[PDB]
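A.B. asks: Got an experimental structure here, sequence first:
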Amino acid sequence: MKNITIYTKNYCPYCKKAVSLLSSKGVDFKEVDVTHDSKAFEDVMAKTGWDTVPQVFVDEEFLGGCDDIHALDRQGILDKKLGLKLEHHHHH
Ligand SMILES: N[C@@H](CCC(=O)N[C@@H](CSSC[C@H](NC(=O)CC[C@H](N)C(=O)O)C(=O)NCC(=O)O)C(=O)NCC(=O)O)C(=O)O
């Protein structure tokens, strides 16, 4: 399955909204709370160049934060990035 991870901190309505969104999709994912783990969050920042939370990843891709995944969802793209169901229209 895809490796889906959302990095969060406490006191962050954007993080929890984003977590609830990912929970509503039924996907398997990890919420990683780095409120007090500055080294873990430094590794995350080195990759993305953002110092805010949440930061959401699917495999190697940084999808972005709360605004970005909500926008992707409104566009119908979020489901695709989370590796949800693939459809095929078979034509005779
Ligand atoms: N009370 C505020 C919002 C509620 C709230 O609790 N806000 C948070 C910050 S926004 S939540 C934390 C914030 N996230 C962001 O700003 C990410 C926004 C981006 N647009 C996205 O879509 O993800 C962030 O990372 N900031 C940078 C940093 O912390 O260094 C807070 O004040 N926490 C209190 C505390 O920390 O004690 C309001 O109504 O305006």
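C.D. replies: Right, received. Where do you want to start? Numbering: from 1, shown residues only.

A.B. asks: measure the residue of the chain found nearest the ligand to residue 11 for me?
C.D. replies: Nearest residue of the chain to the ligand (C-beta to the nearest ligand atom) works out as residue 65 at 2.3 Å. From N, CA and C alone the C-beta is placed, and that goes for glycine too. Distance of residue 65 to residue 11, computed by C-beta to C-beta, to the nearest Å: 15 Å.

A.B. asks: Which residue of the two possesses the greater neighbour count?
C.D. replies: A count of neighbours by other C-beta atoms under 10 Å puts residue 65 above the other of residue 65 and residue 11, at 20 against 8.

A.B. asks: My read is that the more buried one contacts residue 57, right?
C.D. replies: No: Residue 65 is beyond contact range of residue 57, at 11.3 Å (criterion: C-beta atoms under 8 Å).

A.B. asks: partners of residue 32 in the sheet?
C.D. replies: residue 7 (DSSP bridges).

A.B. asks: related to what we said a few turns ago, what's the distance between the nearest residue to the residue of the chain closest to the ligand once chain neighbours are set aside and residue 40?
C.D. replies: Once flanking residues are discounted, residue 65 sits nearest to residue 54: 5.3 Å by C-beta to C-beta, 6 or more residues apart in numbering. Distance from residue 54 to residue 40, counting by C-beta to C-beta: 14 Å.
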